[PDB]
Amino acid sequence: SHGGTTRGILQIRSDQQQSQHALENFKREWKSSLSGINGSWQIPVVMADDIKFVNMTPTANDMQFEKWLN
Amino acid sequence: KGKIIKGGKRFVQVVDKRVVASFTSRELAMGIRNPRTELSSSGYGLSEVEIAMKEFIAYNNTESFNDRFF
Amino acid sequence: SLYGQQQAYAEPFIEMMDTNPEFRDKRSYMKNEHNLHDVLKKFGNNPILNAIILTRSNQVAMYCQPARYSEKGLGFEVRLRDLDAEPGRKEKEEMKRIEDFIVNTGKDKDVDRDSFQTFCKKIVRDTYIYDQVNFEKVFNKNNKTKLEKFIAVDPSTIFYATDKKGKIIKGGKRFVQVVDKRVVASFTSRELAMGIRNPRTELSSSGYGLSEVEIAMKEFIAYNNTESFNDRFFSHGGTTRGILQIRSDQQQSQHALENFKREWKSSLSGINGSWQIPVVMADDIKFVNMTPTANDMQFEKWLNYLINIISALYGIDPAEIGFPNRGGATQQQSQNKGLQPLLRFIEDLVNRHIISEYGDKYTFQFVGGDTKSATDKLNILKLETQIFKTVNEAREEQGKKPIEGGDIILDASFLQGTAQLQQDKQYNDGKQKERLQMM
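Read on for a plain summary of the structure. (Residues numbered from 1 in each chain as written, not as in the entry; some residues may be left out. Chains lettered and ligands numbered in written order. Part of a larger assembly, values for the part shown. Heavy atoms only, no water.)

Overview of the overall build of chain A
Then, number 1: In terms of helices and strands, chain A carries 2 helices and 2 strands.
Then, number 2: Since a compact globule built from 70 residues should have a radius of gyration of about 11 Å, the 17 Å found for chain A marks it as more spread out than a globular shape.
Then, number 3: Across its three principal directions, the C-alpha atoms of chain A cover 50 × 30 × 20 Å.
Then, number 4: Burial analysis of chain A (70 residues in total) assigns 3% to the buried set.
Then, number 5: Of the roughly 7100 Å² of accessible surface on chain A, a fraction of 52% belongs to carbon and sulfur atoms.
Then, number 6: The distance from the centre of the 7 positive side-chain charges to the centre of the 7 negative ones in chain A is 4 Å. (Helix = DSSP H or I, 4+ residues; strand = E, 2+ residues; numbered from the N terminus. Rg over C-alpha atoms; globule rule 2.2 N^0.38 Å. Buried < 20%, exposed > 50% of the residue type's maximum accessible area, 1.4 Å probe, protein only. Areas by Shrake-Rupley, 256 points an atom, 1.4 Å probe, with all protein chains shown as cover. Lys, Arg positive; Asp, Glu negative; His and termini not counted. Charge placed at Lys NZ, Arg CZ, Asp CG, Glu CD.)

Here it is in structure tokens:
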């Protein structure tokens, strides 16, 4: 019912922060190629200097404080 | 007046949105296994497929996701 | 026309334009393809499906012998319609003749013709692949009223005939055979049967049955390409273990590499020199792995799931075809749901199509292999008789005549009560002699 459900952040290093128009076109390409069941198994390609993915939540979530409730 | 009829012909057959024939109560039976009292349904039964529609599409697209690897 | 004279419509009001006027085509569920049995014939060769077919055929083949010729009760039998009705020498002979006729599939023996065992083995395949079964009858030419022979015909070539208006016909010839899209012959309803195991009411199918192969088509192709994926590791490349890199300022000439290979093969190849260790004095050496330490089959649980659902569609236990049940056990109940409905379907078809030619008073049924149910029935009777039922009432109830001895209820106590009552009754009734003596 509230936020905090993010899996992680995809960082892309660049000398300049890309203009928002470029990021919107990036999103358009990403959605057209990968979004949904359509193109689910495909792999994108990017030629940036360095890319990282930092995890904000664990691999698999589950209920917390179960024994406390019991 | 739009109200459902009791006397005489009560059930009607429709094909391609055209009325073809109609039947007396004795001439045609009507069995409802999962009845409901709310006015919205007007006596028509509730099918489990409608209840499980979301689950059915989820199963279908899960199977598609598994098969799309091959 | 499809079933008879009726007020409602049970056939498509508007005909399919691309179909030939002479008959109504059989089409897929979604109308995706107007030609279905052609693609089902492709899946007819699948091993899993063929394994199920062969297992069920072997199961049925045991039952396909007459009872009275078998030392044990397993087999089939013909009897009067009423179990309580008495038999007779004439009727017994007629039933024996009919049983022999069914066994030989004709009036007289002929080695060139199918025994009923092979007929059933054909029928199960046609029932489980196409969900449609047909067999031709051969009435006597000297007398149309009576029957001589009957044999099976492939269901793929048979269609429902239609009139000039395109509606399915009832009177006269109703079924038509088509080969290479050409009409060859047509048959009267009595002359050709039509068995549908999985019927449907929607106008789109127009009475044609729904085959499980069409439902499992996606699963079947998934199984096929999964097997191909597993086999392509061997039948195609990608079996390398790794690459042995040797760093050098210059790439060695191919002659040097060939001599290197010669030395390597002479020293290490084969069992000979298997345990030896070579020595190399290069700057740096690496071995990079392209495949894991040990290989094995992939997508195993996917295959188990697919075959489990395919088996569940046909009602067969996956354990019979060498797969694990994803739930339950990981046989009587599996048999009860799997085989018995098929036997009853064949029973009803054969009865209503063959025995109709001889008379209503007879019927055809299978027997045997159901001791436990009969045991429970006898146990019901054995418990009931202790308190409730007399011996003679039960004997009458099961189409038999009473035995002299009284309609006794079997309990050692109850007999003593009747005997004691009779003994004391005779004592009391004996006092009438004294009553008359005073007269």
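Some points on the overall build of chain B
Then, number 1: Secondary structure assignment for chain B yields 2 helices and 2 strands.
Then, number 2: When its helices and strands are written in sequence order, chain B yields β-β-α-α.
Then, number 3: Relative to a compact globule of 70 residues, whose C-alpha radius of gyration would be 11 Å, chain B shows 19 Å and is clearly more extended.
Then, number 4: Summarising its shape, the C-alpha atoms of chain B cover approximately 60 × 30 × 25 Å along the three principal directions.
Then, number 5: Across the 70 residues of chain B, 10% fall into the buried class.
Then, number 6: When the accessible area of chain B is evaluated, it comes to approximately 6300 Å², of which 56% is carbon and sulfur surface.
Then, number 7: Looking at chain B, you have 12 positive and 8 negative side-chain charges, and the mean spots of the two groups are 15 Å apart.

So, the packing of aromatic side chains
All names here are of chain C.
Then, number 1: In this structure the tally under the stated criterion is 27 aromatic pairs over all chains.
Then, number 2: Among the aromatic side chains, those forming a connected cluster through ring pairs are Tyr63, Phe76, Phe101, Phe116, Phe119, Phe135, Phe150, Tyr358, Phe364 and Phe366.
Then, number 3: Against the face of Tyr208 rests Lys26, its NZ or CZ located 5.3 Å from the ring centre.
Then, number 4: Here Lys431 stacks its cationic end above the ring of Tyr427, 3.8 Å away from the centre of that ring. (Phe/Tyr/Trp six-rings, centres within 6.5 Å; stacked < 30°, edge-to-face > 60°. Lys NZ or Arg CZ within 6 Å of the ring centre and 35° of its normal.)

Here's the deal with the interface of chain B and chain C
Then, number 1: Listed per partner, the contact involves 15 residues of chain B and 14 residues of chain C.
Then, number 2: Together chain B and chain C conceal approximately 1200 Å² of surface at their shared face, both sides included; 62% is due to carbon and sulfur atoms.
Then, number 3: Our enumeration of links across chain B and chain C arrives at 0 salt bridges.
Then, number 4: Counting the contacts that link chain B with chain C gives 3 residue pairs in polar contact.
Then, number 5: Elements with a contribution of two residues or more to the side of chain B that touches chain C: β1 (9-15), β2 (18-24) and α2 (53-67) of chain B.
Then, number 6: It is β2 of chain B that contributes the most residues to the side of chain B that touches chain C, 5 residues altogether.
Then, number 7: Here the side of chain B that touches chain C is composed, by residue class, of 7 nonpolar, 3 polar and 5 charged. (Contact = heavy atoms within 4.5 Å. Buried area = accessible area lost by both parts, 1.4 Å probe. Salt bridge = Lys/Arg side-chain N within 4 Å of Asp/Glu carboxyl O. Polar contact = N/O pair within 3.5 Å; in protein donor to acceptor, adjacent residues only side chain to side chain. Nonpolar A, V, L, I, M, F, W, Y, C, P; charged D, E, K, R; others polar.)

Concerning the environment of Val176 of chain C
Residue and element names in this part refer to chain C.
Then, number 1: Mapping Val176 onto the fold places it in strand β6 (residues 173-179).
Then, number 2: When the C-alpha positions of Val176 and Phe23 are compared, they lie 7.6 Å apart, and in sequence the two are 153 residues distant.
Then, number 3: Excluding its chain neighbours within four sequence positions, the residues that come into contact with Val176 are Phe23, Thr157, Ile158, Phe159, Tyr160, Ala161, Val183, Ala185 and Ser186.

Considerations on the sheet that holds strand β4 (residues 147-153) of chain C
Residue and element names in this part refer to chain C.
Then, number 1: Taken in spatial order, the 3 strands make up an open sheet running β4-β3-β8, and their pairing is antiparallel. Each of the sheet's edge strands pairs with one partner strand only, and the pair in question is β4 and β8 (195-196).
Then, number 2: Of the strand pairs in this sheet, strand β3 (residues 132-139) and β8 are connected by 2 bridges, and their pairing is antiparallel. By the bridge assignment, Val133 is partnered in β8 with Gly195.
Then, number 3: Packed on one face of the sheet, helix α4 (residues 116-129) meets β3 and β4 and runs near 140° to β3.
Then, number 4: Relative to the sheet, helix α10 (residues 340-354) contacts β3, β4 and β8, its axis offset from that of β3 by approximately 25°. (Pairing = 2+ DSSP bridges. Axes fitted to C-alpha atoms, helices over the stretch in contact; angles between N-to-C directions.)

Here's the deal with helix α8 (residues 300-314) of chain C
Then, number 1: An ideal rise of 1.5 Å per residue puts 21 Å on 15 residues; α8 of chain C measures up with 22 Å between its terminal C-alpha atoms.
Then, number 2: What α8 of chain C keeps buried is the set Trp302, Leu303, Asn304, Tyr305, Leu306, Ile307, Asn308, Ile310, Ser311 and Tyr314 of chain C. (Expected span 1.5 Å × (residues − 1).)

Some remarks on the interface of chain A and chain B
Then, number 1: Each side of the interface is counted separately: chain A has 5 residues, and chain B has 5 residues.
Then, number 2: With both chains or domains summed, chain A and chain B bury close to 490 Å², and 69% of this area falls on carbon and sulfur atoms.
Then, number 3: Of all residues in chain A, the largest losses of buried area upon contact with chain B belong to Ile37, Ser40 and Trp41 of chain A, amounting jointly to 93% of the total for that side.
Then, number 4: At the junction of chain A and chain B, the tally comes to 0 salt bridges.
Then, number 5: Our enumeration of links across chain A and chain B arrives at 2 residue pairs in polar contact.
Then, number 6: A per-class count over the side of chain A that touches chain B returns 2 nonpolar, 3 polar and no charged.

Focus: a nonpolar patch on the surface
Residues and elements named next belong to chain A.
Then, number 1: Side chains of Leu10, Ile12, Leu23, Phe26, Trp30, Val46, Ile51 and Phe53 sit close together on the surface and give an oily, nonpolar patch of about 670 Å² of accessible area.
Then, number 2: Contributing elements (two or more residues each) for the nonpolar patch: β1 (8-12), α1 (20-34) and β2 (51-55).
Then, number 3: Examining the composition of the nonpolar patch, we find that 3 residues originate from one element, α1, more than from any other.
Then, number 4: Residue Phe26 is classed as partly exposed on the basis of its relative accessible area, which comes to 33%. (Patch = residues over 30% accessible without salt bridge, like charges linked within 9 Å, V, L, I, M, F, W, Y side chains within 5 Å.)

Considering the side chain of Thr127 of chain C
Then, number 1: Tracing the sequence through the fold places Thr127 of chain C in helix α4.
Then, number 2: If near-sequence neighbours (up to four positions away) are discounted, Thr127 of chain C is found in contact with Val133, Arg197 and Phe345 of chain C.

A look at the sheet that holds β6 of chain C
Residues and elements named next belong to chain C.
Then, number 1: Strand order across the open sheet formed by 4 strands is β1-β5-β6-β7, with antiparallel pairing between neighbours. Lying at the two open borders of the sheet, with one neighbouring strand each, are β1 (23-24) and β7 (182-188).
Then, number 2: As judged from the 3 bridges shared by strand β5 (residues 158-161) and β6, these two strands associate in the antiparallel manner. Bridge pairing links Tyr160 to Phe175 in β6.

Let's talk about the arrangement of the chains
Then, number 1: The top pair by number of contacts, from a total of 2 pairs of chains in contact, is chains B and C.
Then, number 2: Structurally, chain A and chain C remain out of contact, their C-alpha atoms never closer than 16 Å.

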